[PDB]
2 protein chains.
Amino acid sequence: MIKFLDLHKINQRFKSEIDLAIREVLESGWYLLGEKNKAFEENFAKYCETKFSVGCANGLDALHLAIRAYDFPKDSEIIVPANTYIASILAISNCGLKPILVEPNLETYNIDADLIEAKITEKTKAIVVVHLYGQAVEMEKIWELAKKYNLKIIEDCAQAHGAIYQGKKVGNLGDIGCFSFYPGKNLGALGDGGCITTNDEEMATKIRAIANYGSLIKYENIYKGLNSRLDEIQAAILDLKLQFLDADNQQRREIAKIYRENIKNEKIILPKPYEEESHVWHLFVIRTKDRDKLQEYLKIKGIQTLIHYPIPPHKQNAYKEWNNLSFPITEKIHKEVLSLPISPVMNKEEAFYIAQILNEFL
Amino acid sequence: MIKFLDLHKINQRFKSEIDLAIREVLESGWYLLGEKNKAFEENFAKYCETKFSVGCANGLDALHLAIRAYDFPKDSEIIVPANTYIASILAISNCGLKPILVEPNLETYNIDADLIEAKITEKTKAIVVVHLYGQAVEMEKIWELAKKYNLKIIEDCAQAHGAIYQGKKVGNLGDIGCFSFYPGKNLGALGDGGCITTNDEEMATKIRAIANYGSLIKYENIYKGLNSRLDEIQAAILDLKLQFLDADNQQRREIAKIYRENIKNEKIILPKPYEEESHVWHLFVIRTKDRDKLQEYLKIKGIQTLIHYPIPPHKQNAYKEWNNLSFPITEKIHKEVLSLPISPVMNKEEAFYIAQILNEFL
Ligand SMILES: Cc1ncc(COP(=O)(O)O)c(/C=N/[C@@H]2[C@@H](O)[C@@H](OP(=O)(O)OP(=O)(O)OC[C@H]3O[C@@H](n4cc(C)c(=O)[nH]c4=O)C[C@@H]3O)O[C@H](C)[C@H]2O)c1O
Ligand SMILES: Cc1ncc(COP(=O)(O)O)c(/C=N/[C@@H]2[C@@H](O)[C@@H](OP(=O)(O)OP(=O)(O)OC[C@H]3O[C@@H](n4cc(C)c(=O)[nH]c4=O)C[C@@H]3O)O[C@H](C)[C@H]2O)c1O
Ligand SMILES: [Cl-]
Ligand SMILES: [Cl-]
Ligand SMILES: [Mg+2]
């Protein structure tokens, strides 16, 4: 069976270094809010070329912190892509604000910036751009509209660690970037973890306070806070893995290159980034009309696949109130997408096998 | 320097077992939602004598999950002790509900059940009882009022793992129990972690869903959820430490016994539990009129102390709107309390040293 994502094999490359990093935390007797978090924040900010980074508990919490720290009026709207993973939208709902869905461009699977303005109202306060599947959103028209309406740009970078647009890294393309370090991400922990990136020192400080019960000074609570911290053990593992992130992303890109050049099936639509540095290939997403039949065929041929995603947020029981809204581009994507195996440790001869098996489906 | 709480020394007792447990998780390649969480939940439910336990990210999240899962009307009130750690109150605020503060009994530092009814309204939906410092709340009058008004009882058990009232463990004294496993707690992880305990299978299932983005079935979201999980590494460490929790609590109780029998200073008020099994001695809290002078004297004598707590929630900037409300019993406690060193690994001869140093303060 070709595995979709072999996390044991990804992390086995660092077995001795992970052991030493965990043992350093255990021997420090400091498990939270410590030197490994400080070093990881400094190094991840440097990687994104932001002045600041603040660790937190997971990627949804990163988004919740970014929105909550703005303290927008309770009737505020936040624009968000209709086809993202449900967590990008949950963050807005969980802050008590109104998500306003905008279709992706079918060509990019990312928010269509030329559809946003039609949904801006006097209540709009922010845009959550999602760099979906590893592709950076083309930001030029988002920058224009954000400034025209004095909106904040909140990047959901959970799937796109290291992606580039106009020479800037995701996490440095708006007011604040929000990251997941869930174990399956392009930079994965061995547990839940997240961070924000920003150049705004006052927002970095406010988020660091809110994520620690609202406290920067022992015994004192400035804000009504949350509890959203990155464990020292996980910061230590992330800091050692960060050194290899560009190389891992390049390894992914070489699998994507095999698929993009060797799949020749007119009934399968391949991902096509606008620039190679814009895509770090968290997910390699194809579209086909017979998606469930293709997944079963591939399974019979020894190839594990997952769907990102089969049910869009507005069709979930969670968003029952939206189930009769029409987002036909999003609906089509969710009926047609399948994710092919891709990772930094995947053998290239498996990608050639998969490409020819896909060509035999036609 | 006698340390307040030596976590390295607490965890050093389990050095080889923690190494083996972490390595089992790493070699499984399953870091979340796995066998260590299943085993820990089963064993912690058995320990509390509840049918169910659901792991989550931390103790505040445990409380947030318990309240959120009830889906109370948005104008609802929740009764909570005025003198608890601020997180018990943050959980209510963060769910968009109205905290209604009730004074503790000065004799117990726990909610005065004979002051609750005066603050019940038609909007009251629950009581958050807090087993503060390790002492179980006397529940008989809380049970009576909860049933009279059809209120839910949500136990904040963060400080009281293993405490007993009327032969039942904290976490089995209401509708749902909420636990912290923050590293300093009587059962501590090596990172953030938490759980709920309950006999209600439908609430356990709903909380497990909400804590995993609202999803029990892959690709499907029943509820608008959060991301609040217990890492497999932390569940593994908690499960091995749970075997020693009663023995660690008894070791704490023996330090408390030294303080309670050997401090003879009429200007210092000692903690006095109603039954020995009701107190697991997370914190050993004294009161004195010259609290800041006593803390500095003890520091000069080589004894580290902390304050639980010096600023009550209603006086915090976080709750600025409450800063002119009067809770004189809570205010007095916060001006007078100091916590003496106590832990399962503290040397008993240090407790005798501390007791005689306190007697020399008079
Ligand atoms: C745009 C966007 N925004 C915010 C978020 C929220 O970030 P978070 O709060 O940090 O999760 C996400 C998360 N997004 C991801 C989402 O895309 C989805 O990802 P998925 O690929 O379907 O997830 P997975 O199935 O758990 O992992 C994939 C492979 O990995 C293997 N695996 C996994 C684990 C955990 C393991 O322990 N061992 C394994 O071997 C099993 C699978 O084959 O579901 C996850 C729970 C979310 O974190 C997002 O995409
Ligand atoms: C009633 C109630 N409800 C809900 C909650 C919320 O639970 P949570 O969300 O899980 O935190 C609490 C938490 N309550 C505690 C609260 O009592 C307070 O506890 P504290 O004793 O003042 O905390 P501490 O100073 O961090 O730890 C004490 C000693 O431990 C040493 N230490 C600590 C750490 C973390 C370390 O890594 N290494 C060390 O050596 C240093 C100190 O000397 O602050 C904590 C952050 C909360 O988690 C509560 O009391
Ligand atoms: Cl649209
Ligand atoms: Cl009162
Ligand atoms: Mg965590």
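Just so it is clear, the values below take in all heavy atoms, side chains as well, and ignore hydrogens, waters and symmetry mates. Reminder, nothing fancy here: chain letters follow the sequence lines and each chain counts from 1. As the structure lists them, so they are numbered: ligands from 1, and atoms in each ligand from 1.
Between B/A87 and ligand 2, a contact under 3.5 Å exists for no N or O pair. Considering backbone and side-chain N/O atoms, A/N227 comes within less than 3.5 Å of an N/O atom of ligand 2. Distances between N or O atoms of B/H308 and those of ligand 2 include at least one value under 3.5 Å. Between B/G193 and ligand 2, a contact under 3.5 Å exists for no N or O pair. For the pair A/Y31 and ligand 2, the shortest N or O to N or O distance falls below 3.5 Å. Considering backbone and side-chain atoms alike, B/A158 places every N or O at 3.5 Å or more from each N or O of ligand 2.
Under the 4.0 angstrom criterion for non-hydrogen atoms, A/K218 is in contact with ligand 2. A heavy-atom separation below 4.0 Å is not found between B/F181 and ligand 2. Residue contacts with ligand 2: B/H8 is excluded, as none of its non-hydrogen atoms falls under 4.0 Å. The closest approach between any non-hydrogen atom of A/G29 and ligand 2 is below 4.0 Å.
Distance from atom 33 (C) of ligand 2 to its nearest protein heavy atom, with residue and atom name: B/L7 CD1, 3.6 Å.
What you find for B/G191 and A/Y31 is that their closest heavy atoms are N-CB, 4.1 Å.
Between B/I237 and the options B/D231, B/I22, B/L242, a side-chain contact (heavy atoms from CB on, under 4.5 Å) holds for only B/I22.
Contacts between B/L60 and ligand 2, counted as non-hydrogen atom pairs separated by less than 4.0 Å, involve both the backbone and the side chain.
Donor-acceptor pairing under 3.5 Å is recorded for the side chains of B/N186 and B/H282.
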